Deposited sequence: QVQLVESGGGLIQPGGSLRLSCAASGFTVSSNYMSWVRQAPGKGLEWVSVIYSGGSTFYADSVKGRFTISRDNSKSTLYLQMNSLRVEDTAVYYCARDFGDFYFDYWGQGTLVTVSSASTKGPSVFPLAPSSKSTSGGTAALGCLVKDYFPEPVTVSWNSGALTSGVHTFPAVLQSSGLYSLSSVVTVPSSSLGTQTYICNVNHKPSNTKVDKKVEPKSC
């Protein structure tokens, strides 16, 4: 039962420093090849660096001199120290167990790294009130930075909901909407509430929807 869980991702200014962590279970970290692979948002996968079972480290030319891969077997964790970060480094970084520096047979869930001189701003939630057999309603999550934002309905189960991908606005702030299709004959019988959580700003806002 192999688990790779990552953390440390977030927002950092250009030229700053960040360090991702990757806890590993089900195999010995020091006895295996370990690699970091990043997928830039909307682009392809790119190999970043590798550490050998013997301890040798190699890096991609784009990230050479800036990134540093390491491991701490006492915590079964693989690290990637990112220094002198740039806007192009913005990507979802993955942690992958490497089979002899050839291919990746196990992957971590991934962590998002955002590099911008912008500043964290909390989201604002507005009701998409249903009006006029079935009905549709939702909440509008607008003007936040950076991503991601998680939305849930009626405090952790409803189904039949669609949370659209966030879209970057001309102001430089993301925005998204979550919708849910509900029976029309149950407007006031059930009080519908949307849970919005924007971790990078610790903003946890719940808004009711009603006509």
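- Gaps between the deposited sequence and the modelled coordinates occur at 133-137, 163, 218-220, listed in sequence order.
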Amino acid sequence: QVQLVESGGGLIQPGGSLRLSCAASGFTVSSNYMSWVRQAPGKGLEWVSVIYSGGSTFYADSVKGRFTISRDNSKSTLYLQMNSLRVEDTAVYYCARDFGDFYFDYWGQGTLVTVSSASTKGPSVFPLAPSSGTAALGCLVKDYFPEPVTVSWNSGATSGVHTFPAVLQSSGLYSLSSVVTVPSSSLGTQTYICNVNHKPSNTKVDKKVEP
From here on, numbers count along this sequence of modelled residues.
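- Note: missing coordinates for residue 133 occur in a third or more of the other compared entries bracketing this position.
- A summary of the deposited B-factors shows that, of 88-96 and 133-141, the stretch with the larger mean C-alpha value is 133-141.
- For the pair 17-25 and 190-198, the record assigns the higher mean C-alpha temperature factor to 190-198.
- When the C-alpha B factors of 50, 40, 168, 176 are read from the deposited coordinates, the top value falls at 40.
- Listed residues 59, 36, 153, 164 were ranked by CA B-factor as deposited; 153 comes out on top.
- Among the modelled residues of the chain, residue 157 sits in the highest third by CA temperature factor in this PDB entry.
- Per-chain ranking of the deposited C-alpha B factor places residue 80 in the lowest third.
- When the modelled residues of the chain are ordered by their C-alpha B factor, residue 124 lands in the lowest third.
- Per the PDB record, residue ranking by Cα B-factor puts residue 205 in the highest third of the chain.
- Looking at the C-alpha B-factors along this chain, the one for residue 74 belongs to the lowest third.
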